[PDB]
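One chain comes next, on its own, written as structure tokens: the form deposited in one PDB entry.
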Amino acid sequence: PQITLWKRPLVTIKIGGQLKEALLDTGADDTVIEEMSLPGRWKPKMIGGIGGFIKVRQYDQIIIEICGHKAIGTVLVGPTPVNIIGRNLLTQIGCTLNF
């Protein structure tokens, strides 16, 4: 599809058996999801920007379904105000910016 930017580009995703709403975010290096359980080992990470930094848990090799497109990669879990699909997963679904 082609998604315009008049409003936030929100999509439904499936992660860890749960449906969530998330923002397709080209400014995000990482994918960042609100608190939830994920399988496997994790390690702590800090990410930051406007308003400062938050601590998150980094899980690797997590499968996410985004608009019918399955992709695998690292997911950070923590107190993000909005679920974010970042570049590490946007690349996997072949998402580009066009103008």
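Residue numbers here begin at 1 and follow the sequence given. Think of the rigid core as the biggest set of C-alphas that the two forms share within 1.5 Å after superposition.
Omitted from view is the form deposited in another entry, to which the following refers.
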### Did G40 shift 2 Å or more between the shown form and the other one, C-alpha, core superposed
no
### Cα-Cα shift for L76 and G52, closer or farther in the other form, minimum 3 Å
closer
### Query
Between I50 and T12, do the C-alpha atoms lie closer or farther in the other form than in the shown form, with a difference of 3 angstroms or more?
farther
